[PDB]
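> Following this: a sequence and the matching experimental structure.
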Amino acid sequence: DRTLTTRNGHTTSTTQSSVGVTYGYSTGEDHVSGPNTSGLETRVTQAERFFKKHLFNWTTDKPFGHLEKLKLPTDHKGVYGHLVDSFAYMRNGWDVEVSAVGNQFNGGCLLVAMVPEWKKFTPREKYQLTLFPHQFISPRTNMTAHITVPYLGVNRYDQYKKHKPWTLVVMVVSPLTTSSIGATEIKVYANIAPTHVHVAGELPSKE
Amino acid sequence: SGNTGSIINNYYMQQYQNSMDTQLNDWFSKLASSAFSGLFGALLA
Amino acid sequence: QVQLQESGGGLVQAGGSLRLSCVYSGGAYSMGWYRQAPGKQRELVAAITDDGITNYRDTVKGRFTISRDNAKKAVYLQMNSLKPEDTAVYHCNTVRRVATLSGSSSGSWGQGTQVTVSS
Amino acid sequence: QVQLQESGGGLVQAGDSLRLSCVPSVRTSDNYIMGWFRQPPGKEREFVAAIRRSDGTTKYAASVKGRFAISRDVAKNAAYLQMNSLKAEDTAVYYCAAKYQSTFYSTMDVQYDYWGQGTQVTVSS
Amino acid sequence: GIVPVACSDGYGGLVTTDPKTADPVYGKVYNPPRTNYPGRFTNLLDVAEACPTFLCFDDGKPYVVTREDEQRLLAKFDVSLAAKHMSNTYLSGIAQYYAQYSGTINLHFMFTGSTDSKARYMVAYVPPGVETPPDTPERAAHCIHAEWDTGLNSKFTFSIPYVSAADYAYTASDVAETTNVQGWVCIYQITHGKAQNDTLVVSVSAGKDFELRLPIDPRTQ
Amino acid sequence: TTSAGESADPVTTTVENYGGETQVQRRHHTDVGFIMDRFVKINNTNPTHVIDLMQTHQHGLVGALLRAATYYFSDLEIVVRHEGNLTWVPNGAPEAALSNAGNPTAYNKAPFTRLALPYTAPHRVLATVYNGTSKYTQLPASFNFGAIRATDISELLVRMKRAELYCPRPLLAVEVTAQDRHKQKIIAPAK
């Protein structure tokens, strides 16, 4: 029952400890063609696919409130990267999937959220990190979180070298507890894929 | 219509009292109404 | 953009004469001769069009004569009735609008000609 | 209505510094202007320095312009007159005041409402 | 008795742009008839569309001249109604009195060379995101552009798109901050045959969806 | 009720789960358009002030409830108490436009001035936080409602009309130091 397969482009990703998909703030994008781009925007389907990223090592000496962030878009080395440095205005949403593989004989809880317009949180504000689209990773139940978010911002198209609307956040809620038969450490990775990639304003070359 | 309590229409036109929105969806209302209730499993009242 | 060399300069007394030659490699753009007086700004002297019209600065008018050879890809500047003022390094490269005589700060220059008139 | 509590007076000698404070009794949401009046021995009361509550707009007297400094604490609802490099002429009785009714800069030193009993500052030489 | 009212506070004072009228003092006045008077305009942008006016290039000329050089960049100017090239335009003279704008801006290129003189030109829109504009048509061929040569029809109109993040743009560049918020427009000289001193006149008018938004009064008076 | 916690689905149990009865509720006072529609103070005024809503006090009613949203849209009303005339220029205007009477200028009546301003920002929505910059801790300079100017301004009040809030953020309360709860004085009659 808890078997999920996501296919983004020519890339797939299967998980047998699925707990569902979390949609944040919307179940689909709003109008991609607006009056600010004057009819000259195009969609790129070759850029919508998965790419890996390493977040942090979940050790037992990290207490509650340990925050790790990753601003999106990141340093991309593929088609998405040449899109970012080749066009002036871009917009796209995200389809994120975080995995923390230990074994079922561990304990602890992680909070995986997608925060819009990141700003550093005070120690008392971390108690309310569940106001954003989120899921939990508990070795007791699952090894994989999955959130899907639209594009939002004050502008309909963005210059990603100047602004980053979304940020992926992983917070230690309950410290990792291990035993003699449990995994002594857990490594956390992200599998992110842009969604509905539209571009506008082609730039001159550098060569 | 929040915090206005006069029954009579406004003296000025709508074009001058405030700006006009143009077109080209409450998320949390639907997110709360679609909440789970009831129970899970069987019940023995 | 262009690789161009100059020759013909040297030392001469007042009232002498010289013939400066320059050879280029690219296209048929309107060429001209520039000089950098000692301690003064580089200034245009005489410019020639693509197989035709020539134009001269006020001071050097009538004493100099510029000519072009398209086949050999060369330009010549014949200097007569020299004066002690005309001592400088005589560069050559492209020039825009030989009518107004507006030089081109475009790119690299070749330092190959030095003239030293004595008196 | 409002009573003013003054603190920090005393005796010093020339060249030292003093710090006067004044806190009103009620914390109503008005734009009051805390000021300082001084009355020299055998002379009449006169304006020294005022400050607005909203911003830090400060008035001063020609006598004490570079020496004195006035500030306000939004949190504790206080005002402080930092007197520096006192002269032997600075001996007087220093009074605070409120001026709740109007808060414009042009009239910031003419008509105050609540005074509060004055402090004694007697600098020696 | 009589109707009681509340003379509200904050209401009543004169605002110089308020939408209400004054009370008259001189009744029954008839004007001389001006039926069908010629040359009426009810919108500034109608005149700004139908009547284009010249740009101002170096030395204060409405035109760019072909160059006997290796340089193929005729002129380059920011997409800004406050640019140095648009300082003498009617579009700019109107746009100085508004806060924001949006829409198309048309450029017109009229060739005034002789019949025995040919040329080929190119104009590119370089949106923001590079630090310096390109100076070669080979490198500016990757933007939005158009090419055209000379012939019987001596005019050419190119339409600058409104492409940005916000729905509106300021009609005034803020401060000595560099790298204009909108792009640049670069005119190139692809090639020319026997065109040594022939010129190309440039002018600008408003587009089909151009718009100015918030009236202001910004000049020192 | 028992459910899968890590899935993050909302769960609302009732008192009916053990014989109770959910009562009828009225939530007119926690309406977004209702609660944001009250005049609140701006305690840093200048001879020239740029109307930025992030200058309201961070712990006031409207100030804090505005910091608890990522994006927002609103018209505005202002109550200014000034000397001389009061000029208003819209969003994007030069700073030198504030010295001319072609712009909205209010000749001062006795108590104060109460106006209604539209929304003039070039963006569809304004934001309280921005992750990045806007030139080539600090929000973009286009996040304002215009500017006012007088010879001196004594107080400024603002009011949000037709307010819309998006994407909520944390909203905190005063912290309890060592008590069992935060105790304070509550109004009660004399004697």
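Yep, it's here. Numbering: from 1, shown residues only, chains lettered A, B, ... in the order given.
> Tell me the residues of chain E that contact chain C?
Counting by C-beta under 8 Å from any C-beta of the partner chain, chain E comes close to chain C at E:65, E:67, E:68, E:69, E:70, E:71, E:196, E:197. The way it works is simple: take the backbone N, C-alpha and C, and place the C-beta from them, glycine included.
> I'd like to know how many residues surround residue A:98.
23 (other C-beta atoms under 10 Å in any protein chain shown).
> Let me see the contact set for it.
A:55, A:112, A:137, A:144, A:145, A:146, A:168, A:170, A:188, A:189, A:190, A:191 (C-beta atoms under 8 Å, 6 or more residues apart in numbering or on different chains).
> Residue E:179 too?
E:128, E:131, F:136.
> residue ranges of the strands in the chain, please?
By default, I'm working from chain A. Taking DSSP state E as the criterion, chain A carries its strands at A:4-8, A:11-15, A:22-23, A:42-43, A:51-58, A:67-72, A:87-100, A:107-116, A:134-137, A:144-149, A:166-177, A:186-202.
> oops, I was thinking of chain F
Using DSSP E, strands in chain F cover F:40-42, F:48-50, F:69-83, F:86-89, F:105-106, F:113-117, F:126-127, F:147-149, F:152-168.
> need the residues of chain E next to chain C in TSV with neighbour count, can you?
Shown next, in TSV, are the residues of chain E next to chain C (neighbours: other C-beta atoms under 10 Å in any protein chain shown):
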residue	neighbour count
E:65	21
E:67	22
E:68	26
E:69	19
E:70	16
E:71	18
E:196	20
E:197	13
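> List just the nearest of the residues you listed to chain B.
The closest of the residues of chain E next to chain C to chain B turns out to be residue E:71 (C-beta to the nearest C-beta; 44.5 Å).
> Name the nearest residue to the closest one, sequence neighbours excluded.
In this structure, residue E:71 finds its nearest non-sequential neighbour in residue C:106, 6.1 Å apart by C-beta to C-beta, 6 or more residues apart in numbering or on different chains.
> How many residues are close by the closest residue to chain C within chain B?
Closest to chain C within chain B is residue B:24: 49.4 Å, counting by C-beta to the nearest C-beta. By other C-beta under 10 Å, the residues close to residue B:24 number 8.
> dump the residue contacts of the residue in chain C sticking out farthest from the centre.
Relative to the centre of chain C, the most outlying C-alpha is that of residue C:119, 22.3 Å out, by C-alpha atoms, centre = their mean. Residue C:119 sits next to C:13, C:14, C:84 when contact means C-beta under 8 Å, 6+ apart.
> what's the nearest residue to residue D:50 once chain neighbours are set aside in contact with, if anything?
Once flanking residues are discounted, residue D:50 sits nearest to residue D:35: 3.5 Å by C-beta to C-beta, 6+ apart. Residue D:35 makes contacts with D:47, D:48, D:49, D:50, D:51, D:59, D:96, D:97, D:99, D:108, D:109, D:112, as judged by C-beta under 8 Å, 6+ apart.
> mind running it again at 7 Å?
Residue D:35 makes contacts with D:47, D:49, D:50, D:96, D:97, D:99, D:109, D:112, as judged by C-beta atoms under 7 Å, 6 or more residues apart in numbering or on different chains.
> Double-check that it belongs to a strand.
Yes. Membership of residue D:35 in a strand is supported by DSSP: H, G, I helix; E, B strand; the rest coil.
> leaving aside the residues next to it on the chain, what's closest to the residue nearest the centre of chain D?
In chain D, the centroid-proximal residue (C-alpha atoms, centre = their mean) is residue D:36; its distance is 2.4 Å. Using C-beta to C-beta, 6+ apart and skipping residues adjacent in sequence, the residue nearest residue D:36 is residue D:48, 4.4 Å away.
> Can you tell me the strand partners of the helix or strand harbouring the one you found and which way each runs?
Counting by DSSP states H and E, the element that carries residue D:48 is strand D:46-52. Strand D:46-52 has the following strand partners under DSSP bridges: strand D:33-39 (antiparallel), strand D:58-60 (antiparallel).
> tell me the most buried of these?
Among the strands paired with strand D:46-52, strand D:33-39 has the highest mean neighbour count (mean count of other C-beta atoms under 10 Å in any protein chain shown), at a mean of 23.
> ok, so what distance separates the residue nearest to residue E:71 from chain F?
28 Å (C-beta to the nearest C-beta, to the nearest Å).
> Quick check: buried residues in stretch D:56-74?
By 16 or more other C-beta atoms under 10 Å in any protein chain shown, the buried positions in stretch D:56-74 come out as D:57, D:58, D:59, D:60, D:64, D:68, D:69, D:70, D:72.
> re the thing from before, dump the strand holding residue D:48 to PDB, restricted to CA.
Presented in PDB, the C-alpha positions along strand D:46-52 are these (Å, rounded to 0.1, in the frame of the first residue of the first chain):
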ATOM      1  CA  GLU D  46      13.600  79.100  31.700                       C
ATOM      2  CA  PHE D  47      13.700  76.400  29.000                       C
ATOM      3  CA  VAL D  48      16.700  74.100  28.700                       C
ATOM      4  CA  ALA D  49      15.900  71.100  26.500                       C
ATOM      5  CA  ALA D  50      12.900  69.200  25.200                       C
ATOM      6  CA  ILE D  51      12.300  66.000  23.300                       C
ATOM      7  CA  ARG D  52       9.400  64.500  21.500                       C
END
